[PDB]
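This one's experimental. Sequence and coordinates below.
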Amino acid sequence: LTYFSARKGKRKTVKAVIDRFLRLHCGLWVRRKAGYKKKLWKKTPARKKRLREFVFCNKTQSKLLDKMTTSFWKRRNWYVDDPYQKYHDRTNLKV
Amino acid sequence: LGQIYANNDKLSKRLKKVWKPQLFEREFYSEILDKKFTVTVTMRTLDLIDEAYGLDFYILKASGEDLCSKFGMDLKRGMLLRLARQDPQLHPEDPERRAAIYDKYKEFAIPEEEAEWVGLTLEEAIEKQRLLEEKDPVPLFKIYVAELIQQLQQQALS
Amino acid sequence: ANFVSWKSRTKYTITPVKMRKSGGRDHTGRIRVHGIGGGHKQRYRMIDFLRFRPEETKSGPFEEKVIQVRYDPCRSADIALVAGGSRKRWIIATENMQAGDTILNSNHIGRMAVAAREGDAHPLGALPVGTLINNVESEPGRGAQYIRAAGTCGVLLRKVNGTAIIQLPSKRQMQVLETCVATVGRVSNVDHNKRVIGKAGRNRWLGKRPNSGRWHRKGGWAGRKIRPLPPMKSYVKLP
Amino acid sequence: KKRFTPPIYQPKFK
RNA sequence: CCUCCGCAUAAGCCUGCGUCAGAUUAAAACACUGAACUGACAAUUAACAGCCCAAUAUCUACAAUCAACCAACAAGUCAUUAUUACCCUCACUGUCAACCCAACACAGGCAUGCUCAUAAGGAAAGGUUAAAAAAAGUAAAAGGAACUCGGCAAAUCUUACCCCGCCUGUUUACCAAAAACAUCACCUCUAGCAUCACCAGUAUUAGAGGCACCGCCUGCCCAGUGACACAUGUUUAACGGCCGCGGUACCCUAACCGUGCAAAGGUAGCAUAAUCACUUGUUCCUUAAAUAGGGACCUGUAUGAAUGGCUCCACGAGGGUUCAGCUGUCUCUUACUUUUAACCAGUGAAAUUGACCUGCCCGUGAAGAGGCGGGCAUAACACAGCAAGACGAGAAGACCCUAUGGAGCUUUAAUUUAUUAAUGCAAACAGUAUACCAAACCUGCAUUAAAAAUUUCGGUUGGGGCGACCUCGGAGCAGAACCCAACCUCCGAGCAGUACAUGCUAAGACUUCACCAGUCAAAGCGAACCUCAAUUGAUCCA
RNA sequence: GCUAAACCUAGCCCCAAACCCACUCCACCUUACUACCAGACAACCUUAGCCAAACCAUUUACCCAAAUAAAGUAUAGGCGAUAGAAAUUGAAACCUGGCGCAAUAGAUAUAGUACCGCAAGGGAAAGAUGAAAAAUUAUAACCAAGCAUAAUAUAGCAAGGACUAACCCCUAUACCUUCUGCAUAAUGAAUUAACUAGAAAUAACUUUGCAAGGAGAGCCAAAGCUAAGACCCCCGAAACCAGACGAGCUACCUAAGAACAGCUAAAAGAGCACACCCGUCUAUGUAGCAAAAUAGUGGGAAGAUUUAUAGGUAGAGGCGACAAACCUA
Ligand SMILES: [Mg+2]
Ligand SMILES: [Mg+2]
Ligand SMILES: [Mg+2]
Ligand SMILES: [Mg+2]
Ligand SMILES: [Mg+2]
Ligand SMILES: [Mg+2]
Ligand SMILES: [Mg+2]
Ligand SMILES: [Mg+2]
Ligand SMILES: [Mg+2]
Ligand SMILES: [Mg+2]
Ligand SMILES: [Mg+2]
Ligand SMILES: [Mg+2]
Ligand SMILES: [Mg+2]
Ligand SMILES: [Mg+2]
Ligand SMILES: [Mg+2]
Ligand SMILES: [Mg+2]
Ligand SMILES: [Mg+2]
Ligand SMILES: [Mg+2]
Ligand SMILES: [Mg+2]
Ligand SMILES: [Mg+2]
Ligand SMILES: [Mg+2]
Ligand SMILES: [Mg+2]
Ligand SMILES: [Mg+2]
Ligand SMILES: [Mg+2]
Ligand SMILES: [Mg+2]
Ligand SMILES: [Mg+2]
Ligand SMILES: [Mg+2]
Ligand SMILES: [Mg+2]
Ligand SMILES: [Mg+2]
Ligand SMILES: [Mg+2]
Ligand SMILES: [Mg+2]
Ligand SMILES: [Mg+2]
Ligand SMILES: [Mg+2]
Ligand SMILES: [Mg+2]
Ligand SMILES: [Mg+2]
Ligand SMILES: [Mg+2]
Ligand SMILES: [Mg+2]
Ligand SMILES: [Mg+2]
Ligand SMILES: [Mg+2]
Ligand SMILES: [Mg+2]
Ligand SMILES: [Mg+2]
Ligand SMILES: [Mg+2]
Ligand SMILES: [Mg+2]
Ligand SMILES: [Mg+2]
Ligand SMILES: [Mg+2]
Ligand SMILES: [Mg+2]
Ligand SMILES: [Mg+2]
Ligand SMILES: [Mg+2]
């Protein structure tokens, strides 16, 4: 991911991670199950509903996605009409 | 001298292709110089000449960054010198034609001290400046006798 | 690569000029024609292939006289210096030409044919139908180029109105203008194909290196081609 | 093939 | 005593065995003092070969080889004329040597003349004794190749037979010098022709290819490739190919017929051969004894007619055998000289070395112990020879295997024609009664034969290829929660017989030992009142 | 105590400032280090390649306009390993050193010297007494690897336990590593002296300071912000391109020359055989005379033979009587 560039000497990110995932401020990444739009005629409606759900990642996957990004993608955005605004803060956490 | 892909796609092979313009050996006629020249002219040059209404206008209106040729700059400098020095172009017994030619090209008229340095390269300019600033070394005997006569006049008239 | 040609003589003379061998070397120096190199030293003779030619202050026909028949190593046939007038020029010898012969180099085309011998030369417009000719030209005042080897000869076929079709030794027809001068007869030094070589020493003396030793697999061009006769090529310019 | 290495001569100062 | 040497010319740094002092130290493989030196002294003087030629036009076909007979073929190494202007003259480079190229004072190499041994030039030996071993020289009672795979040094002087190649020659400089490449004879294809080799040539020529003389001959084919005509064809001395079965009288090898294919179903010849294993073939001879050699046979199912088949005139450092005569290779070795060997005088290595106070047997260990256990063995130190061990010395093995590390060759493995000649289109010129003709030279698009700008060649394989497999489920191994492999032994699956509420949300779990994935389901709105075991496909893009 | 150990100066690297120079006379474009004579032709051109994506065919900062935040954002990319701006607030003239070193360090350098090849090119150590060397004095010695002074004395990985004394008595299988297992007969080593091998981001841990704000503009924040400390090796291949060099050995060609006694000479790309061209075999050595030698047995030696001189054909090639043979061991 180029730890040191040749012009600015900073850290670069992977645009695939940004285009395929979505990081929340709490420290979770929202992904999408693969195969949710292809070959939907041989799958049961239960599987079709399960594939169309925002599934969270794990620990090592979240750590990898954080290491592949810089400090810009780990901030807090205040959009006007953000459907994921209620998922940024995570309350009721006891270790 | 560029590069062209195979089937117009970047997922093939990057080949090199060099295009060449088309050359048509034609013949023109300059009115300012009154002499025909054989020039391998292309198509865009002919179009620009037709749009500029003649060859002399196309040569005198286009700047040095448009001709991209030394012969064009030489023709421009020659026309400028002919229009500035007012030298007899054709011949006597009919000055009305020369007067009409000079009146047709009157919206420029670059002075003589500035038209001689139009189109010359760096080496040619240095050579011309050295030839103008040649001057064989004057013997010091003349300067010595001049200083001597000046000193004697200064000491005598006082 | 300072490769200069030895053909530095713009005036016709009689003294044999020394020639330099090449061995397949052009102006760059790389071998482009294989099989040439290493041979016996030879001297070049300025051979005048143009038969009819007027001398100084001359125009009409002139007589000649064969002196002595020699040999030319630059070709297969033998040459013979024929004197006449106030100059001597080398021409190609013909069959049955010895010392003391008399040949004619005419140009005035007559009404009927001319029963000339096998030594003199006359234009094709005055020769009978079916005559063994040689050293035929292509343009009036150009020079003889076709049929110039040893024993080669051509036979006249027919005439139309201003052309003359000549049967070439390759069984191919070819027409030419009527005002072209061509010799009559066959070239000397016959039975050249019966010359048995014997050993490679003769080929090394002639200046021919042996062929390549690589085994080349014959492609599709090694088979026999039974092809018809190509059409007659025309040299007469028509507006 | 015919493998062979050439010897190396030292400078004439030692 | 040798002279297989030397003197000059040619090439080559130019002072490199003349004198003087130092010669204490420093280079002689040791010394004197000097061909492996420090400083000073000056050699070589040209007549030797060079340093060269005032122009304008023109002239030069009857070789050399004692060149006089003769005779040729590879067709050849030497010459002037008319005119204009020019009467100043001897300058320059080296003349030494014991010498050059190979790291050297090297048993290597160097062009021509001179007497081919002389008038040039040098010393195989430092001394002491005669160890073993090795190398170079003379011969030997009897056998003369009986030893060795093979006549392998050697001297006598040596005949015949077979294969291969026509011959001379040349090729792997530095392990193969050959049957290997070439050579005249033959055959195939291409080209109507003037300036830079081809060629200052003309279809009895030139270029591109296959075998390679003389004698007998080259029988067939365009279904497949290429080439030529675009007339469906021609080409094979262009790439290549010329059957099987059944019925077939006593014995093999069959005469003949039927059957299916196709261009023909092996023509001539020759041989168990340089010829797949059977093959040490029948048999004769050469030896008393012969897979060695020659002669007559093809079931040669894999010889074969220019990938040419065989004798023949001559030949081969090519591969094999033998006859009359002889060489210690042997039975069985020996007599002498030199190099060399042992000691004395000095310069004086290279490989190699973890340290050694370093014996043997049995047994053990990373599987072959002088260093481990039990025994045997033992005052110490040098010289002179052999190899049994220290898996001894030289090359990170050239043989086997791995490598998403390379390179060479050939394509009908992949992107493309980037450069030709042919094409069709568009612009560029000029005539032409609503039509045709598109010449020479430039530009862009797409196609056909040659080059090419780049690349890879998957995995397990009781070492690798070949044998077998590449995804998933079930039955025993794994027996009563769960998981567990094998190139352990078996069934299978890449789907199906019928309604689309096979609609939308939403607590809780299992999870093929991780992840990506898959499955069950509380309840509500909506509606009348789902079967089988694996049964399959993600990112990007369209 | 012999061999041999230390003695600081030519200076060496980067900053700030400053823009730095080029004939005493002769010779220097032909055979440079040459005084003197008749065809004037000589540049104007996408660089490529390695590596990476575990191959590789698209792609891979290097492009010569001062900082920073934006921002590694939109974008380009077999949409993947990667590459990467712009719009925008903005960027305080002048001061002479080394928390670098002292000959195996620092430029290779006292020097681009010797040496290697025809050639481009490669290319290394040097110098130590002293105020008075016009003080040739008497001292300053003492430490590593090699030696005598002063050899060995039976037994054993060289060591330990020990007693009045070295041995004698008992125990005990060198060092690091790929390896389950190594002193194993696997790898490295003769010693001494000098030199040589863990360089760093997002995210983490600890400690000061401030605080709903922290921070010397930009960034973050539902207890945060700033600063400091802490951390990620060396050496070793075959391959490819670009710019220049080679036919003086060897392959081929070109112009002018030279060489071959004697006998049989059948007329001959005939035979034996001198000098000469090449080397089929034996014997000697493989750190030799020699990084390819010594005698004959060898083939040719009137021609497809050898050689002195000069020139040309060079790597995406030259040449080739085709050995993938040769192109300076
Ligand atoms: Mg031939
Ligand atoms: Mg051949
Ligand atoms: Mg002399
Ligand atoms: Mg040597
Ligand atoms: Mg003497
Ligand atoms: Mg001796
Ligand atoms: Mg005897
Ligand atoms: Mg025997
Ligand atoms: Mg013998
Ligand atoms: Mg032969
Ligand atoms: Mg050899
Ligand atoms: Mg040779
Ligand atoms: Mg040999
Ligand atoms: Mg042959
Ligand atoms: Mg045939
Ligand atoms: Mg057989
Ligand atoms: Mg025998
Ligand atoms: Mg021979
Ligand atoms: Mg001694
Ligand atoms: Mg052990
Ligand atoms: Mg044992
Ligand atoms: Mg041992
Ligand atoms: Mg190895
Ligand atoms: Mg792999
Ligand atoms: Mg690879
Ligand atoms: Mg590669
Ligand atoms: Mg390559
Ligand atoms: Mg494998
Ligand atoms: Mg196996
Ligand atoms: Mg699980
Ligand atoms: Mg329900
Ligand atoms: Mg890579
Ligand atoms: Mg900007
Ligand atoms: Mg230094
Ligand atoms: Mg240095
Ligand atoms: Mg010591
Ligand atoms: Mg003990
Ligand atoms: Mg260590
Ligand atoms: Mg290892
Ligand atoms: Mg092992
Ligand atoms: Mg060991
Ligand atoms: Mg090992
Ligand atoms: Mg070792
Ligand atoms: Mg040469
Ligand atoms: Mg040759
Ligand atoms: Mg002969
Ligand atoms: Mg002979
Ligand atoms: Mg071959």
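Everything's here; your move. Numbers count the residues shown, from 1 in each chain, chains lettered A, B, ... in the order given. Ligands and ions are numbered 1, 2, ... in the order given.

Quick one: name the residues of chain D near RNA strand F.
With C-beta under 7 Å from any atom of the strand as the criterion, chain D meets RNA strand F at residues D:6-7, D:9, D:11-13. For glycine as for every other residue, the C-beta is placed from the backbone atoms N, C-alpha and C.

ok, which stretches of chain C are strands?
For chain C, strands defined by DSSP state E occupy the ranges C:17-18, C:43-44, C:62-63, C:65-69, C:79-84, C:87-92, C:104-105, C:121-123, C:132-134, C:154-159, C:163-167, C:173-177, C:181-184.

would you turn those strands into TSV with mean neighbour count and distance to RNA strand E?
Formatted as TSV, the strands of chain C follow (neighbours: other C-beta atoms under 10 Å in any protein chain shown; distance: least, C-beta to the nearest atom of the strand, whole Å):
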stretch	mean neighbour count	distance to RNA strand E
strand C:17-18	12	7
strand C:43-44	14	4
strand C:62-63	14	16
strand C:65-69	15	4
strand C:79-84	18	5
strand C:87-92	18	6
strand C:104-105	18	17
strand C:121-123	24	16
strand C:132-134	20	8
strand C:154-159	16	8
strand C:163-167	19	9
strand C:173-177	19	5
strand C:181-184	24	12
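
Distance to residue C:5 added to these, as a markdown table?
Listed next are those as a markdown table, based on distance: least, C-beta to C-beta, whole Å:
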| stretch | distance to residue C:5 |
| --- | --- |
| strand C:17-18 | 12 |
| strand C:43-44 | 12 |
| strand C:62-63 | 34 |
| strand C:65-69 | 30 |
| strand C:79-84 | 22 |
| strand C:87-92 | 21 |
| strand C:104-105 | 31 |
| strand C:121-123 | 31 |
| strand C:132-134 | 29 |
| strand C:154-159 | 32 |
| strand C:163-167 | 33 |
| strand C:173-177 | 31 |
| strand C:181-184 | 30 |
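
Ok, which of these comes nearest residue B:4?
Smallest distance to residue B:4 across these (C-beta to C-beta): 48.1 Å, for strand C:173-177.

Quick check: residues of chain C near RNA strand F?
Taking C-beta under 7 Å from any atom of the strand, the part of chain C that reaches RNA strand F is made up of C:1-3, C:18-23, C:25, C:28-31, C:34, C:37-39, C:41, C:198-201, C:204-205, C:207, C:209-210, C:212-215.

Quick check on these: which are buried?
For the residues of chain C next to RNA strand F, a burial check counting by 16 or more other C-beta atoms under 10 Å in any protein chain shown picks out C:25, C:37, C:39, C:207.

out of those, which one sits closest to RNA strand F?
For those, the residue nearest RNA strand F by C-beta to the nearest atom of the strand is residue C:37; the value is 2.7 Å.

Quick check: the farthest pair among the buried ones among the residues of chain C next to RNA strand F?
Distance extremes for these: the farthest pair is C:25 and C:39 at 14.2 Å, using C-beta to C-beta.

which SSE is residue A:26 in?
For residue A:26, there is no helix or strand it lies in under DSSP states H and E.

So what's the residue count around the residue nearest to it when sequence neighbours are not counted?
On the basis of C-beta to C-beta, 6 or more residues apart in numbering or on different chains, the spatially nearest residue to residue A:26 that is not a chain neighbour turns out to be residue A:90, at 4.1 Å. Neighbour count of residue A:90, defined by other C-beta atoms under 10 Å in any protein chain shown: 11.
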